[PDB]
Amino acid sequence: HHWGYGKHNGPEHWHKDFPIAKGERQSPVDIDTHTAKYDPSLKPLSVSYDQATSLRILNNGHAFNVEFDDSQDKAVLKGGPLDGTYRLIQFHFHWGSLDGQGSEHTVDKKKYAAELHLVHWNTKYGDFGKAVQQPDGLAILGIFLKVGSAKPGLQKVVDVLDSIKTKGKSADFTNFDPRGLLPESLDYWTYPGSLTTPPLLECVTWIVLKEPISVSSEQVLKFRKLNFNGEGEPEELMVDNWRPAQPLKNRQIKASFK
Ligand SMILES: [Zn+2]
């Protein structure tokens, strides 16, 4: 596969190799705050990251992933809309070439500068690869980024990016605390959907936080210096690595807050 975000292999082409791209439960979506309904049945959401063990950061040619040890319940997501326990495996971002675009989800059609995805898999399925084959296999916590003040908790990520500039490079990345990427409020919207990159599997309970985090223009500018290409290949800046909103179809977006 040669999917990407370029001029000839971007999101509008993915359906040829991944027909589920035109499926019933695709992500991202636009969140219409005028039709999402408060759901008093959501249970409290629970982010337990005190024992998280980051290991490594990888440029995979599509984004970079900060990877965690997921062989024990060290960093888990529970509550909210979820049944059971979901273990953190990685986080990554999607971002724009311009501050006015970059997010995958939109809010009343507003695009944020970027979007953080903390990816968790349902421990009842034993491993990530089995989990993605199940409709309730993953829980992805999505957090919007706007450009303003710097996010101090992001700076250690920013400062390692020079070491993983190109596709296939990785670097040790231990002792990173993902709590430093959360906003104050855990109010959220939730709906059933998909991975936003191929294979686009419809295995995700999405939990999108209402409150964005702020990052500085200097922080996003360093993301925009990453490369989609490998070392030695023509330079292609890693920007605009977002899929646009997909049809909601027979889904409802539910709000945790009034
Ligand atoms: Zn993502």
# chains A, B, ... in the order shown; residues from 1 in each chain; ligands from 1
$ residues_near_ligand --ligand "ligand 1" --cutoff "9 Å" --atoms "only C-alpha atoms and all ligand atoms" --output "number ranges by chain"
A: 63, 91-94, 104, 115-119, 140, 142, 195-197, 242
$ residues_around --residues "residue A:167" --least-positions-apart "4" --cutoff "8 Å" --atoms "only C-alpha atoms" --output "list in words"
residues 59, 60, 61, 227, 228, 229, 230 and 231 of chain A
$ select_by_dssp --residues "stretch 33-209 of chain A" --states "strand (DSSP E)" --output "PDB file with C-alpha atoms, in the first residue's frame"
ATOM      1  CA  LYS A  37     -27.670  15.227  23.082  1.00  0.00           C
ATOM      2  CA  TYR A  38     -26.689  15.047  26.742  1.00  0.00           C
ATOM      3  CA  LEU A  45     -14.841   8.801  32.701  1.00  0.00           C
ATOM      4  CA  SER A  46     -11.538   7.482  34.280  1.00  0.00           C
ATOM      5  CA  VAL A  47      -8.078   8.185  32.894  1.00  0.00           C
ATOM      6  CA  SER A  48      -5.485   6.244  34.949  1.00  0.00           C
ATOM      7  CA  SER A  54       6.460   5.144  27.482  1.00  0.00           C
ATOM      8  CA  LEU A  55       9.142   3.327  25.510  1.00  0.00           C
ATOM      9  CA  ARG A  56       9.859   4.781  22.102  1.00  0.00           C
ATOM     10  CA  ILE A  57       8.819   7.351  19.462  1.00  0.00           C
ATOM     11  CA  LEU A  58       8.513   6.274  15.813  1.00  0.00           C
ATOM     12  CA  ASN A  59       8.051   8.213  12.554  1.00  0.00           C
ATOM     13  CA  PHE A  64       4.732   9.764  14.781  1.00  0.00           C
ATOM     14  CA  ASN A  65       3.663   7.368  17.516  1.00  0.00           C
ATOM     15  CA  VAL A  66       4.714   7.606  21.162  1.00  0.00           C
ATOM     16  CA  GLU A  67       4.536   3.952  22.178  1.00  0.00           C
ATOM     17  CA  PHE A  68       3.800   2.490  25.612  1.00  0.00           C
ATOM     18  CA  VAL A  76      -5.863   2.522  31.294  1.00  0.00           C
ATOM     19  CA  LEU A  77      -9.045   4.204  30.232  1.00  0.00           C
ATOM     20  CA  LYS A  78     -12.294   3.156  31.916  1.00  0.00           C
ATOM     21  CA  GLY A  79     -15.740   4.599  32.542  1.00  0.00           C
ATOM     22  CA  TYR A  86      -8.773  -0.295  27.767  1.00  0.00           C
ATOM     23  CA  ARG A  87      -4.985  -0.142  27.786  1.00  0.00           C
ATOM     24  CA  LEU A  88      -2.948   2.667  26.272  1.00  0.00           C
ATOM     25  CA  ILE A  89      -0.771   1.455  23.383  1.00  0.00           C
ATOM     26  CA  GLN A  90       0.287   4.704  21.658  1.00  0.00           C
ATOM     27  CA  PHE A  91      -0.566   8.305  21.025  1.00  0.00           C
ATOM     28  CA  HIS A  92      -0.073  10.370  17.901  1.00  0.00           C
ATOM     29  CA  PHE A  93      -1.265  13.610  16.307  1.00  0.00           C
ATOM     30  CA  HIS A  94      -2.731  14.920  13.079  1.00  0.00           C
ATOM     31  CA  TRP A  95      -1.918  18.490  12.083  1.00  0.00           C
ATOM     32  CA  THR A 106     -14.590  19.232  13.588  1.00  0.00           C
ATOM     33  CA  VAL A 107     -16.948  21.060  15.957  1.00  0.00           C
ATOM     34  CA  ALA A 114      -4.231  19.656  15.294  1.00  0.00           C
ATOM     35  CA  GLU A 115      -5.745  16.681  17.071  1.00  0.00           C
ATOM     36  CA  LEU A 116      -4.164  14.247  19.564  1.00  0.00           C
ATOM     37  CA  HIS A 117      -5.290  10.603  19.594  1.00  0.00           C
ATOM     38  CA  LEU A 118      -4.564   8.420  22.661  1.00  0.00           C
ATOM     39  CA  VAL A 119      -5.251   4.877  21.444  1.00  0.00           C
ATOM     40  CA  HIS A 120      -6.367   2.140  23.853  1.00  0.00           C
ATOM     41  CA  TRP A 121      -7.400  -1.497  23.288  1.00  0.00           C
ATOM     42  CA  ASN A 122      -9.973  -3.554  25.160  1.00  0.00           C
ATOM     43  CA  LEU A 138     -10.567   0.237  20.786  1.00  0.00           C
ATOM     44  CA  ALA A 139     -11.246   3.425  22.727  1.00  0.00           C
ATOM     45  CA  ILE A 140      -9.586   6.525  21.282  1.00  0.00           C
ATOM     46  CA  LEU A 141      -9.428   9.716  23.349  1.00  0.00           C
ATOM     47  CA  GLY A 142      -9.293  12.689  20.973  1.00  0.00           C
ATOM     48  CA  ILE A 143      -8.078  16.105  22.115  1.00  0.00           C
ATOM     49  CA  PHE A 144      -8.087  19.253  19.974  1.00  0.00           C
ATOM     50  CA  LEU A 145      -5.063  21.576  19.769  1.00  0.00           C
ATOM     51  CA  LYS A 146      -5.278  25.310  19.146  1.00  0.00           C
ATOM     52  CA  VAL A 147      -2.320  27.673  18.671  1.00  0.00           C
ATOM     53  CA  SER A 170      12.706   5.726  15.994  1.00  0.00           C
ATOM     54  CA  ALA A 171      14.226   6.968  19.238  1.00  0.00           C
ATOM     55  CA  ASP A 172      14.117   5.885  22.845  1.00  0.00           C
ATOM     56  CA  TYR A 188     -16.609  14.771  26.152  1.00  0.00           C
ATOM     57  CA  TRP A 189     -18.641  13.692  23.174  1.00  0.00           C
ATOM     58  CA  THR A 190     -18.807  10.027  22.209  1.00  0.00           C
ATOM     59  CA  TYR A 191     -19.916   8.006  19.186  1.00  0.00           C
ATOM     60  CA  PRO A 192     -19.032   4.692  17.492  1.00  0.00           C
ATOM     61  CA  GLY A 193     -16.588   4.880  14.595  1.00  0.00           C
ATOM     62  CA  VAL A 204     -13.544   2.379  17.871  1.00  0.00           C
ATOM     63  CA  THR A 205     -15.519   3.973  20.667  1.00  0.00           C
ATOM     64  CA  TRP A 206     -14.529   7.620  20.118  1.00  0.00           C
ATOM     65  CA  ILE A 207     -14.290   9.909  23.139  1.00  0.00           C
ATOM     66  CA  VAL A 208     -13.575  13.483  21.980  1.00  0.00           C
ATOM     67  CA  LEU A 209     -12.885  16.057  24.709  1.00  0.00           C
TER      68      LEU A 209
END
$ residues_around --residues "residue A:12" --least-positions-apart "4" --cutoff "10 Å" --atoms "only C-alpha atoms" --output "list in words"
residues 5, 8, 16, 21, 243 and 244 of chain A
$ closest_residue --among "A:234, A:96, A:102, A:44" --to "residue A:81" --atoms "only C-alpha atoms"
A:44
$ closest_residue --among "A:52, A:42, A:131, A:255" --to "residue A:201" --atoms "only C-alpha atoms"
A:131
$ select_by_dssp --residues "stretch 93-246 of chain A" --states "alpha helix (DSSP H)" --output "PDB file with N, CA, C and O atoms, in the first residue's frame"
ATOM      1  N   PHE A 128      -3.798  -6.040  20.720  1.00  0.00           N
ATOM      2  CA  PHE A 128      -4.308  -5.026  19.817  1.00  0.00           C
ATOM      3  C   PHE A 128      -4.803  -5.584  18.523  1.00  0.00           C
ATOM      4  O   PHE A 128      -5.846  -5.183  18.005  1.00  0.00           O
ATOM      5  N   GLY A 129      -4.037  -6.527  17.925  1.00  0.00           N
ATOM      6  CA  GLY A 129      -4.444  -7.062  16.642  1.00  0.00           C
ATOM      7  C   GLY A 129      -5.759  -7.815  16.663  1.00  0.00           C
ATOM      8  O   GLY A 129      -6.521  -7.769  15.710  1.00  0.00           O
ATOM      9  N   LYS A 130      -6.083  -8.485  17.802  1.00  0.00           N
ATOM     10  CA  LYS A 130      -7.403  -9.097  17.922  1.00  0.00           C
ATOM     11  C   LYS A 130      -8.452  -8.026  18.192  1.00  0.00           C
ATOM     12  O   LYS A 130      -9.573  -8.108  17.713  1.00  0.00           O
ATOM     13  N   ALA A 131      -8.104  -7.022  19.010  1.00  0.00           N
ATOM     14  CA  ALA A 131      -9.071  -5.987  19.372  1.00  0.00           C
ATOM     15  C   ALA A 131      -9.597  -5.253  18.163  1.00  0.00           C
ATOM     16  O   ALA A 131     -10.792  -4.924  18.089  1.00  0.00           O
ATOM     17  N   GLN A 155       6.622  19.715  25.321  1.00  0.00           N
ATOM     18  CA  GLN A 155       7.931  20.123  24.812  1.00  0.00           C
ATOM     19  C   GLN A 155       8.880  18.968  24.679  1.00  0.00           C
ATOM     20  O   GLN A 155       9.658  18.962  23.738  1.00  0.00           O
ATOM     21  N   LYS A 156       8.857  17.964  25.563  1.00  0.00           N
ATOM     22  CA  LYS A 156       9.775  16.853  25.401  1.00  0.00           C
ATOM     23  C   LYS A 156       9.509  16.071  24.108  1.00  0.00           C
ATOM     24  O   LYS A 156      10.450  15.536  23.491  1.00  0.00           O
ATOM     25  N   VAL A 157       8.252  16.009  23.646  1.00  0.00           N
ATOM     26  CA  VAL A 157       7.953  15.440  22.341  1.00  0.00           C
ATOM     27  C   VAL A 157       8.556  16.296  21.242  1.00  0.00           C
ATOM     28  O   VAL A 157       9.254  15.820  20.354  1.00  0.00           O
ATOM     29  N   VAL A 158       8.290  17.609  21.294  1.00  0.00           N
ATOM     30  CA  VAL A 158       8.838  18.529  20.275  1.00  0.00           C
ATOM     31  C   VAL A 158      10.349  18.376  20.111  1.00  0.00           C
ATOM     32  O   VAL A 158      10.898  18.372  19.033  1.00  0.00           O
ATOM     33  N   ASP A 159      11.004  18.271  21.259  1.00  0.00           N
ATOM     34  CA  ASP A 159      12.476  18.322  21.188  1.00  0.00           C
ATOM     35  C   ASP A 159      13.106  17.019  20.703  1.00  0.00           C
ATOM     36  O   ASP A 159      14.284  17.069  20.391  1.00  0.00           O
ATOM     37  N   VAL A 160      12.382  15.919  20.613  1.00  0.00           N
ATOM     38  CA  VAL A 160      12.940  14.684  20.059  1.00  0.00           C
ATOM     39  C   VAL A 160      12.680  14.559  18.580  1.00  0.00           C
ATOM     40  O   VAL A 160      13.211  13.677  17.908  1.00  0.00           O
ATOM     41  N   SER A 217       2.895  28.492  18.608  1.00  0.00           N
ATOM     42  CA  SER A 217       3.237  28.448  17.195  1.00  0.00           C
ATOM     43  C   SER A 217       4.587  27.788  17.035  1.00  0.00           C
ATOM     44  O   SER A 217       4.822  27.004  16.092  1.00  0.00           O
ATOM     45  N   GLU A 218       5.551  27.961  17.918  1.00  0.00           N
ATOM     46  CA  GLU A 218       6.856  27.318  17.751  1.00  0.00           C
ATOM     47  C   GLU A 218       6.758  25.820  17.870  1.00  0.00           C
ATOM     48  O   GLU A 218       7.470  25.058  17.182  1.00  0.00           O
ATOM     49  N   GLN A 219       5.903  25.322  18.761  1.00  0.00           N
ATOM     50  CA  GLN A 219       5.704  23.869  18.893  1.00  0.00           C
ATOM     51  C   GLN A 219       5.118  23.288  17.601  1.00  0.00           C
ATOM     52  O   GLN A 219       5.607  22.276  17.125  1.00  0.00           O
ATOM     53  N   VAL A 220       4.044  23.901  17.049  1.00  0.00           N
ATOM     54  CA  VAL A 220       3.480  23.333  15.813  1.00  0.00           C
ATOM     55  C   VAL A 220       4.433  23.478  14.668  1.00  0.00           C
ATOM     56  O   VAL A 220       4.485  22.595  13.791  1.00  0.00           O
ATOM     57  N   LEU A 221       5.202  24.575  14.613  1.00  0.00           N
ATOM     58  CA  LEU A 221       6.172  24.691  13.530  1.00  0.00           C
ATOM     59  C   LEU A 221       7.173  23.549  13.521  1.00  0.00           C
ATOM     60  O   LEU A 221       7.604  23.079  12.461  1.00  0.00           O
ATOM     61  N   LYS A 222       7.562  23.042  14.701  1.00  0.00           N
ATOM     62  CA  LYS A 222       8.445  21.871  14.740  1.00  0.00           C
ATOM     63  C   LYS A 222       7.770  20.586  14.269  1.00  0.00           C
ATOM     64  O   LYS A 222       8.410  19.791  13.578  1.00  0.00           O
ATOM     65  N   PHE A 223       6.490  20.409  14.520  1.00  0.00           N
ATOM     66  CA  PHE A 223       5.815  19.278  13.879  1.00  0.00           C
ATOM     67  C   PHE A 223       5.875  19.322  12.367  1.00  0.00           C
ATOM     68  O   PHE A 223       6.004  18.313  11.660  1.00  0.00           O
TER      69      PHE A 223
END
$ atom_distance --atom1 "atom CA of residue A:154" --atom2 "atom CA of residue A:181"
6.5 Å
$ closest_residue --among "A:84, A:11, A:198, A:232" --to "residue A:125" --atoms "only C-alpha atoms"
A:84
$ closest_residue --among "A:97, A:174, A:134, A:9" --to "residue A:224" --atoms "only C-alpha atoms"
A:97
$ closest_residue --among "A:7, A:169, A:225, A:15" --to "residue A:199" --atoms "only C-alpha atoms"
A:15
$ atom_distance --atom1 "atom CA of residue A:212" --atom2 "atom CA of residue A:183"
6.4 Å
$ closest_residue --among "A:149, A:35, A:246, A:53" --to "residue A:69" --atoms "only C-alpha atoms"
A:53
$ atom_distance --atom1 "atom CA of residue A:111" --atom2 "atom CA of residue A:249"
20.6 Å
